[PDB]
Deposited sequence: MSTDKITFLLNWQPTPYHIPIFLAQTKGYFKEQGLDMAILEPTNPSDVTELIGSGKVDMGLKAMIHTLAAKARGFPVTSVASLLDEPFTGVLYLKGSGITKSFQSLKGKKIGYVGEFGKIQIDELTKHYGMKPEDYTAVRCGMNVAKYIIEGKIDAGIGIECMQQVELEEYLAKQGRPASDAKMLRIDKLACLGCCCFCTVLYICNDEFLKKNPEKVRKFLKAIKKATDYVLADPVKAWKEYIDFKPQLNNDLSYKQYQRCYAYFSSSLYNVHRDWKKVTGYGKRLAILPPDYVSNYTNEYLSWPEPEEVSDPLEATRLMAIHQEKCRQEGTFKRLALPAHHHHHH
């Protein structure tokens, strides 16, 4: 009678609120017995949770959408990481440029099936065809394969893959600015990371989920309030994250953590749109999320979302060169 929680990824700096809810005894104090699991292949995640083999976990906004469409009943009950910049990453002199036309004849890596689906469709809007470029499945190793020259560019998150590149560049004495991203946003909300449940599990255990999120909230607060003490506890438990790369990633993640855990309606709306257009989702498809199991007031919708996004881009650039923990102010 343990509850299974399956991450989207190998342990990352942004899983901290979950591991801490464990180590600090927050889950225990709620009468929950959580069995946190890590996947070897993110591709396995939605299917396992949808099929009820696993009770809860995390995945990106899009995959959560595509999961129900593809027949796996999952519902997003909370939000972990909000709108992290996603895009095609590449090193300067790849030789790739700001023009999506440079992707011609290049090997471009992706993790998920959907990353291919995304690139495949972008090629049409720029005159080229799949395939005037080679798509390579790289799973959790996109950045790594970039650095080793097995691919020319690949899909990733600004606060994970991009950092891994910058740290590599620092070794080569190159400047961090040489790590570049063609943003798919320029709705970067596709890679928002969500707390998801099996629909059936949620139906039968509403109160346990509510309690789960209470524990998650308590830890999320701690992490945002005192990121440094938090980080020390985290890496004491998960030493594989006790390196400089992981810490820099952690700092870049700080500004993207959701403080409220609320699903953002606007974002879901946008991505569901994207989803229908890409043919990933049926015409009558309905967004599979809910804020019902959150036990604190919803925050006010961001007044000007597109300015907050270009403000974040700046904020994150400052984080890179100052090495700080600051929340984006509005």
> Hey, which stretches of the deposited sequence didn't make it into the model?
Replying inline: 1-3, 190-194, 339-346
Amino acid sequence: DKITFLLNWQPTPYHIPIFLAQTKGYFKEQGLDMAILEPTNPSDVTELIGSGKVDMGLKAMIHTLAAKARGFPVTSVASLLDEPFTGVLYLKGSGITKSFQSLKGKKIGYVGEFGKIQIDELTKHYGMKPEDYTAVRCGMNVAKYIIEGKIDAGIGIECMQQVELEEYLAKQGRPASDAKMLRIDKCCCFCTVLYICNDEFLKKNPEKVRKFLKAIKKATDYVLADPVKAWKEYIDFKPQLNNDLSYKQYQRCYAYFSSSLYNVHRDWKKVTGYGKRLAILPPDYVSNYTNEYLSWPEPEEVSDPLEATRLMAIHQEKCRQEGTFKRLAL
From here on, numbers count along this sequence of modelled residues.
>> Mean Cα B factor from the PDB record: higher for 268-276, or higher for 61-69?
In response: 268-276
> With respect to the recorded C-alpha B factors, which stretch has the higher mean value, 8-16 or 315-323?
Replying inline: 315-323
> Highest Cα B-factor in the PDB entry belongs to which of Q161, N242, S258, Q101?
Replying inline: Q101
> Looking at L294, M34, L48, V286, which has the highest Cα B-factor in the entry?
Replying inline: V286
>> Is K217 in the lowest, middle or highest third of its chain when residues are ranked by C-alpha B-factor?
In response: lowest
> With respect to C-alpha B-factor, does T97 fall in the lowest, middle or highest third of the chain as deposited?
Replying inline: highest
> So where's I119 on the chain's Cα temperature factor ranking, which third?
Replying inline: highest
>> Using the temperature factors of the C-alpha atoms in this entry, rank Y126 within its chain: lowest, middle or highest third.
In response: highest
> Of the three thirds of its chain by CA temperature factor, lowest, middle or highest, which one includes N205?
Replying inline: middle
